[PDB]
Amino acid sequence: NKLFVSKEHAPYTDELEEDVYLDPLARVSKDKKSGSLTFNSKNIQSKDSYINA
Amino acid sequence: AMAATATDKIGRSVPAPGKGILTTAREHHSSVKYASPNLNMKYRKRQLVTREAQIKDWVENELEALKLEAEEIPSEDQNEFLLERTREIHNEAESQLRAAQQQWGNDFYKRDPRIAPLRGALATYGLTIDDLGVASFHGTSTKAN
Amino acid sequence: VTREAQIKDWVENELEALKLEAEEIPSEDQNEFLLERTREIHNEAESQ
Amino acid sequence: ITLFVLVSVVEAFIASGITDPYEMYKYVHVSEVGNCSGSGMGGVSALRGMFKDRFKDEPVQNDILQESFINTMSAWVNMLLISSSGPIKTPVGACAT
Amino acid sequence: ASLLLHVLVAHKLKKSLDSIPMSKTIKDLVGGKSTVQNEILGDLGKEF
């Protein structure tokens with residue numbers, strides 16, 4: 001009975017929410033600790049995501 | 001010149017206001033040393049004008065091939081073979097032109113991550129961010145909002 | 001396919017004019033003037 | 001009705017092999033995942049609690065108004081599952097929404 | 001004051017007073033629904 005599993009957090013921390021909404025190239029990566037999909041400080045507004053796009 | 005809808009984030013309070021709509025200002029600043037020719041109308045206009053000419057002799061070139069088709073296979077009931085066809089050529093011509101107008105005038109910033117929707121919305125008319133003079137707030141008179 | 005070719009030498013033609021801009025006015029910090037610009041050319045190319 | 005919707009949004013992502021909605025955000029920006037699901041009336045049950053169960057002074061929630069709205073189904077979907085800042089256009093098409 | 005504050009907060013949440021530890025806080029007992037935080041808050045005003 002695990003089909004629906006309510007998300008108890010957004011992919012962004014509250015203190016990162018705005019930064020994400022504003023970088024069009026911001027994308028999620030697997031976290032190390034949690035293993036779940038989050039936005040990293042290092043991928044929001046990066047040179048590497050400009051090149052890589 | 002722009003209209004957008006945006007949801008917020010994961011939550012549990014339905015009546016709550018959020019910052020989903022902030023995404024209409026999203027642009028990428030990871031590289032902003034030198035001016036983007038794309039923002040420059042003088043630039044775009046030249047690019048269009050080239051396409052305009054490019055289309056011109058496409059229509060000439062197409063109209064030429066039509067003469068060669070009529071001069072060899074159609075009878076003296078040629079008036080409607082010529083009507084239906086040249087008509088269709090001029091459609092396609094205008095369509096191409098309209099698309100070029102589109103590419104360089106209307107939607108030049110669509111596929112650009114350095115130009116935010118709000119930016120370009122104003123930019124198509126030669127307007128800068130500073131030109132947005134008035135903000136009509138929802139301003140519900142609630143503390144939250 | 002005609003437009004495809006037509007676009008092809010547009011990008012060639014644009015990339016040519018970029019060499020002439022860098023060969024005369026930008027310094028040896030030319031890597032990002034070249035990055036930002038060729039990047040933008042290829043966008044416009046794909047857009048067309 | 002929100003339960004129906006919730007269960008199918010889940011089952012539909014499964015049918016698409018998307019197991020964690022946030023995987024969309026590996027490929028797309030938060031602002032480019034939208035919800036255009038719609039209802040004819042929907043919330044028909046909360047509507048009653050508002051118009052009839054109140055009229056009887058029966059115990060009824062303080063925000064049944066929330067749940068009567070045609071577009072709060074899509075809202076709970078985004079608030080429980082998706083977390084998008086994409087578009088949110090909600091259709092009332094009656095028998096053809 | 002324990003039995004009165006418990007019965008009132010367990011009522012606005014609709015779960016037995018065993019489901020509710022007085023150890024917790026009103027922010028945790030709600031989860032996020034701030035309509036129900038606003039209700040428990042204003043109810044205790046009319047009460048104490």
# chains A, B, ... in the order shown; residues from 1 in each chain; ligands from 1
call {"tool": "select_by_dssp", "arguments": {"residues": "chain A", "states": "strand (DSSP E or B)", "output": "count of residues only"}}
result
6
call {"tool": "select_by_dssp", "arguments": {"residues": "chain A", "states": "helix (DSSP H, G or I)", "output": "list in words"}}
result
residues 14, 15, 16, 17, 18, 19, 20, 21, 22, 47, 48, 49, 50, 51 and 52 of chain A
call {"tool": "closest_atom_pairs", "arguments": {"of": "chain B", "to": "chain D", "cutoff": "7 Å", "atoms": "only C-alpha atoms", "output": "JSON lines"}}
result
{"residue": "B:5", "atom": "CA", "partner": "D:87", "partner_atom": "CA", "distance": 4.7}
{"residue": "B:6", "atom": "CA", "partner": "D:87", "partner_atom": "CA", "distance": 4.7}
{"residue": "B:7", "atom": "CA", "partner": "D:85", "partner_atom": "CA", "distance": 4.1}
{"residue": "B:8", "atom": "CA", "partner": "D:85", "partner_atom": "CA", "distance": 5.0}
{"residue": "B:9", "atom": "CA", "partner": "D:83", "partner_atom": "CA", "distance": 4.4}
{"residue": "B:10", "atom": "CA", "partner": "D:79", "partner_atom": "CA", "distance": 4.3}
{"residue": "B:11", "atom": "CA", "partner": "D:79", "partner_atom": "CA", "distance": 5.0}
{"residue": "B:12", "atom": "CA", "partner": "D:79", "partner_atom": "CA", "distance": 6.5}
{"residue": "B:20", "atom": "CA", "partner": "D:85", "partner_atom": "CA", "distance": 5.1}
{"residue": "B:23", "atom": "CA", "partner": "D:31", "partner_atom": "CA", "distance": 6.5}
call {"tool": "interface_residues", "arguments": {"of": "chain A", "to": "chain B", "cutoff": "12 Å", "atoms": "only C-alpha atoms", "output": "VMD selection string"}}
result
chain A and resid 6 to 14 17 to 26 42 to 51 53
call {"tool": "atom_distance", "arguments": {"atom1": "CA of residue 57 (chain B)", "atom2": "CA of residue 44 (chain C)"}}
result
22.8 Å
call {"tool": "atom_distance", "arguments": {"atom1": "CA of residue 44 (chain B)", "atom2": "CA of residue 25 (chain C)"}}
result
22.5 Å
call {"tool": "residues_around", "arguments": {"residues": "residue 90 (chain B)", "least_positions_apart": "2", "cutoff": "12 Å", "atoms": "only C-alpha atoms", "output": "list in words"}}
result
residues 55, 56, 58, 59, 60, 62, 63, 83, 84, 85, 86, 87, 88, 92, 93, 94, 95, 96 and 97 of chain B
call {"tool": "residues_around", "arguments": {"residues": "region 6-12 of chain E", "least_positions_apart": "6", "cutoff": "10 Å", "atoms": "only C-alpha atoms", "output": "PyMOL selection string"}}
result
(chain D and resi 61) or (chain E and resi 18-22+26+29-30+36-37+39-41+43-44+47)
call {"tool": "write_last_selection", "arguments": {"atoms": "N, CA and C atoms", "output": "PDB file, in the first residue's frame"}}
result
ATOM      1  N   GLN D  61     -16.243  21.304   8.547  1.00  0.00           N
ATOM      2  CA  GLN D  61     -14.926  21.957   8.578  1.00  0.00           C
ATOM      3  C   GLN D  61     -15.007  23.460   8.334  1.00  0.00           C
TER       4      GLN D  61
ATOM      5  N   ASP E  18      -5.095  10.286  23.187  1.00  0.00           N
ATOM      6  CA  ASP E  18      -3.918   9.416  23.243  1.00  0.00           C
ATOM      7  C   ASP E  18      -3.002   9.688  22.046  1.00  0.00           C
ATOM      8  N   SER E  19      -3.611   9.956  20.886  1.00  0.00           N
ATOM      9  CA  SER E  19      -2.892  10.355  19.668  1.00  0.00           C
ATOM     10  C   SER E  19      -2.111  11.644  19.873  1.00  0.00           C
ATOM     11  N   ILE E  20      -2.533  12.422  20.861  1.00  0.00           N
ATOM     12  CA  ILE E  20      -1.894  13.695  21.144  1.00  0.00           C
ATOM     13  C   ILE E  20      -1.054  13.649  22.419  1.00  0.00           C
ATOM     14  N   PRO E  21       0.271  13.758  22.253  1.00  0.00           N
ATOM     15  CA  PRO E  21       1.182  13.938  23.383  1.00  0.00           C
ATOM     16  C   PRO E  21       1.234  15.424  23.727  1.00  0.00           C
ATOM     17  N   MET E  22       1.042  15.776  24.996  1.00  0.00           N
ATOM     18  CA  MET E  22       1.206  17.167  25.401  1.00  0.00           C
ATOM     19  C   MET E  22       2.688  17.548  25.323  1.00  0.00           C
ATOM     20  N   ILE E  26       1.921  22.850  19.105  1.00  0.00           N
ATOM     21  CA  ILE E  26       0.778  23.091  18.210  1.00  0.00           C
ATOM     22  C   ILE E  26       1.183  23.146  16.730  1.00  0.00           C
ATOM     23  N   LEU E  29       1.487  19.336  15.740  1.00  0.00           N
ATOM     24  CA  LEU E  29       0.207  18.637  15.805  1.00  0.00           C
ATOM     25  C   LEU E  29      -0.657  18.965  14.581  1.00  0.00           C
ATOM     26  N   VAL E  30      -0.392  20.122  13.975  1.00  0.00           N
ATOM     27  CA  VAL E  30      -1.122  20.585  12.794  1.00  0.00           C
ATOM     28  C   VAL E  30      -0.527  20.006  11.511  1.00  0.00           C
ATOM     29  N   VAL E  36      -5.934  25.646  10.785  1.00  0.00           N
ATOM     30  CA  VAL E  36      -6.167  24.889  12.024  1.00  0.00           C
ATOM     31  C   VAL E  36      -5.229  25.297  13.173  1.00  0.00           C
ATOM     32  N   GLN E  37      -4.153  26.012  12.849  1.00  0.00           N
ATOM     33  CA  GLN E  37      -3.308  26.622  13.872  1.00  0.00           C
ATOM     34  C   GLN E  37      -3.975  27.911  14.351  1.00  0.00           C
ATOM     35  N   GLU E  39      -7.179  28.371  14.372  1.00  0.00           N
ATOM     36  CA  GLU E  39      -8.394  27.956  15.079  1.00  0.00           C
ATOM     37  C   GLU E  39      -8.085  27.528  16.514  1.00  0.00           C
ATOM     38  N   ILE E  40      -7.075  26.678  16.684  1.00  0.00           N
ATOM     39  CA  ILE E  40      -6.648  26.265  18.014  1.00  0.00           C
ATOM     40  C   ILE E  40      -6.193  27.473  18.834  1.00  0.00           C
ATOM     41  N   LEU E  41      -5.578  28.449  18.165  1.00  0.00           N
ATOM     42  CA  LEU E  41      -5.097  29.670  18.825  1.00  0.00           C
ATOM     43  C   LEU E  41      -6.229  30.562  19.337  1.00  0.00           C
ATOM     44  N   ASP E  43      -9.418  29.704  19.740  1.00  0.00           N
ATOM     45  CA  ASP E  43     -10.276  28.929  20.633  1.00  0.00           C
ATOM     46  C   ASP E  43      -9.781  28.999  22.076  1.00  0.00           C
ATOM     47  N   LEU E  44      -8.463  28.903  22.259  1.00  0.00           N
ATOM     48  CA  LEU E  44      -7.852  28.996  23.587  1.00  0.00           C
ATOM     49  C   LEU E  44      -7.959  30.401  24.191  1.00  0.00           C
ATOM     50  N   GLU E  47     -11.283  30.701  25.853  1.00  0.00           N
ATOM     51  CA  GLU E  47     -11.303  29.713  26.923  1.00  0.00           C
ATOM     52  C   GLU E  47     -10.583  30.170  28.196  1.00  0.00           C
TER      53      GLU E  47
END
call {"tool": "interface_residues", "arguments": {"of": "chain E", "to": "chain B", "cutoff": "10 Å", "atoms": "only C-alpha atoms", "output": "list in words"}}
result
residues 30, 31, 32, 33, 34, 35 and 36 of chain E
call {"tool": "write_last_selection", "arguments": {"atoms": "N, CA and C atoms", "output": "short mmCIF file (atom, residue, chain, number, x, y, z; two decimals), in the first residue's frame"}}
result
data_model
loop_
_atom_site.label_atom_id
_atom_site.label_comp_id
_atom_site.auth_asym_id
_atom_site.auth_seq_id
_atom_site.Cartn_x
_atom_site.Cartn_y
_atom_site.Cartn_z
N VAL E 30 -0.39 20.12 13.97
CA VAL E 30 -1.12 20.58 12.79
C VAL E 30 -0.53 20.01 11.51
N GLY E 31 0.80 20.10 11.40
CA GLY E 31 1.53 19.59 10.25
C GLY E 31 1.95 20.71 9.31
N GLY E 32 1.00 21.58 8.99
CA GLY E 32 1.25 22.69 8.09
C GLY E 32 0.01 23.55 7.95
N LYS E 33 -1.16 22.91 7.97
CA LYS E 33 -2.46 23.58 7.84
C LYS E 33 -2.63 24.70 8.86
N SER E 34 -2.35 25.93 8.42
CA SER E 34 -2.30 27.09 9.34
C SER E 34 -3.71 27.66 9.62
N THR E 35 -4.71 27.18 8.89
CA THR E 35 -6.09 27.50 9.23
C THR E 35 -6.39 26.89 10.59
N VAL E 36 -5.93 25.65 10.79
CA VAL E 36 -6.17 24.89 12.02
C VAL E 36 -5.23 25.30 13.17
#
call {"tool": "closest_atom_pairs", "arguments": {"of": "chain C", "to": "chain A", "cutoff": "12 Å", "atoms": "only C-alpha atoms", "output": "JSON lines"}}
result
{"residue": "C:32", "atom": "CA", "partner": "A:47", "partner_atom": "CA", "distance": 10.9}
{"residue": "C:35", "atom": "CA", "partner": "A:51", "partner_atom": "CA", "distance": 8.6}
{"residue": "C:36", "atom": "CA", "partner": "A:51", "partner_atom": "CA", "distance": 9.5}
{"residue": "C:38", "atom": "CA", "partner": "A:51", "partner_atom": "CA", "distance": 11.4}
{"residue": "C:39", "atom": "CA", "partner": "A:51", "partner_atom": "CA", "distance": 8.5}
{"residue": "C:40", "atom": "CA", "partner": "A:50", "partner_atom": "CA", "distance": 11.2}
{"residue": "C:42", "atom": "CA", "partner": "A:53", "partner_atom": "CA", "distance": 11.8}
{"residue": "C:43", "atom": "CA", "partner": "A:53", "partner_atom": "CA", "distance": 10.6}
call {"tool": "write_last_selection", "arguments": {"atoms": "N, CA, C and O atoms", "output": "PDB file, in the first residue's frame"}}
result
ATOM      1  N   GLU C  32      36.257  33.617 -23.173  1.00  0.00           N
ATOM      2  CA  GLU C  32      34.841  33.762 -22.855  1.00  0.00           C
ATOM      3  C   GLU C  32      34.100  34.658 -23.844  1.00  0.00           C
ATOM      4  O   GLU C  32      32.891  34.501 -24.035  1.00  0.00           O
ATOM      5  N   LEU C  35      33.430  31.858 -26.155  1.00  0.00           N
ATOM      6  CA  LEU C  35      32.405  30.979 -25.583  1.00  0.00           C
ATOM      7  C   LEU C  35      31.012  31.591 -25.743  1.00  0.00           C
ATOM      8  O   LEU C  35      30.167  31.050 -26.461  1.00  0.00           O
ATOM      9  N   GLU C  36      30.782  32.713 -25.060  1.00  0.00           N
ATOM     10  CA  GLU C  36      29.478  33.371 -25.050  1.00  0.00           C
ATOM     11  C   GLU C  36      28.905  33.598 -26.460  1.00  0.00           C
ATOM     12  O   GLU C  36      27.694  33.515 -26.669  1.00  0.00           O
ATOM     13  N   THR C  38      29.944  32.105 -29.769  1.00  0.00           N
ATOM     14  CA  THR C  38      29.707  30.927 -30.608  1.00  0.00           C
ATOM     15  C   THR C  38      28.513  30.141 -30.071  1.00  0.00           C
ATOM     16  O   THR C  38      27.700  29.604 -30.842  1.00  0.00           O
ATOM     17  N   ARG C  39      28.423  30.076 -28.744  1.00  0.00           N
ATOM     18  CA  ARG C  39      27.280  29.476 -28.069  1.00  0.00           C
ATOM     19  C   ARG C  39      25.991  30.086 -28.609  1.00  0.00           C
ATOM     20  O   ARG C  39      25.083  29.374 -29.049  1.00  0.00           O
ATOM     21  N   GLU C  40      25.932  31.415 -28.598  1.00  0.00           N
ATOM     22  CA  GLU C  40      24.763  32.139 -29.083  1.00  0.00           C
ATOM     23  C   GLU C  40      24.473  31.925 -30.574  1.00  0.00           C
ATOM     24  O   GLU C  40      23.308  31.873 -30.980  1.00  0.00           O
ATOM     25  N   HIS C  42      25.167  29.154 -32.281  1.00  0.00           N
ATOM     26  CA  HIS C  42      24.625  27.806 -32.436  1.00  0.00           C
ATOM     27  C   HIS C  42      23.185  27.693 -31.949  1.00  0.00           C
ATOM     28  O   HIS C  42      22.399  26.919 -32.501  1.00  0.00           O
ATOM     29  N   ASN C  43      22.840  28.470 -30.927  1.00  0.00           N
ATOM     30  CA  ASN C  43      21.442  28.603 -30.523  1.00  0.00           C
ATOM     31  C   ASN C  43      20.585  29.073 -31.692  1.00  0.00           C
ATOM     32  O   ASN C  43      19.700  28.346 -32.158  1.00  0.00           O
TER      33      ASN C  43
END
call {"tool": "residues_around", "arguments": {"residues": "residue 12 (chain C)", "least_positions_apart": "6", "cutoff": "12 Å", "atoms": "only C-alpha atoms", "output": "JSON, numbers by chain"}}
result
{"C": [5, 6, 18, 19, 38, 41, 42, 45]}
call {"tool": "write_last_selection", "arguments": {"atoms": "C-alpha atoms", "output": "PDB file, in the first residue's frame"}}
result
ATOM      1  CA  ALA C   5      21.789  24.044 -46.325  1.00  0.00           C
ATOM      2  CA  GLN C   6      20.859  27.769 -46.354  1.00  0.00           C
ATOM      3  CA  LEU C  18      33.426  36.378 -35.194  1.00  0.00           C
ATOM      4  CA  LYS C  19      37.063  35.587 -36.011  1.00  0.00           C
ATOM      5  CA  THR C  38      29.707  30.927 -30.608  1.00  0.00           C
ATOM      6  CA  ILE C  41      25.382  31.509 -32.803  1.00  0.00           C
ATOM      7  CA  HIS C  42      24.625  27.806 -32.436  1.00  0.00           C
ATOM      8  CA  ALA C  45      21.243  28.249 -35.853  1.00  0.00           C
TER       9      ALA C  45
END
call {"tool": "atom_distance", "arguments": {"atom1": "CA of residue 50 (chain D)", "atom2": "CA of residue 64 (chain D)"}}
result
6.5 Å
call {"tool": "residues_around", "arguments": {"residues": "residue 39 (chain B)", "least_positions_apart": "3", "cutoff": "10 Å", "atoms": "only C-alpha atoms", "output": "PyMOL selection string"}}
result
chain B and resi 35-36+42-44+108-109+114-115+119-120+123-124+126
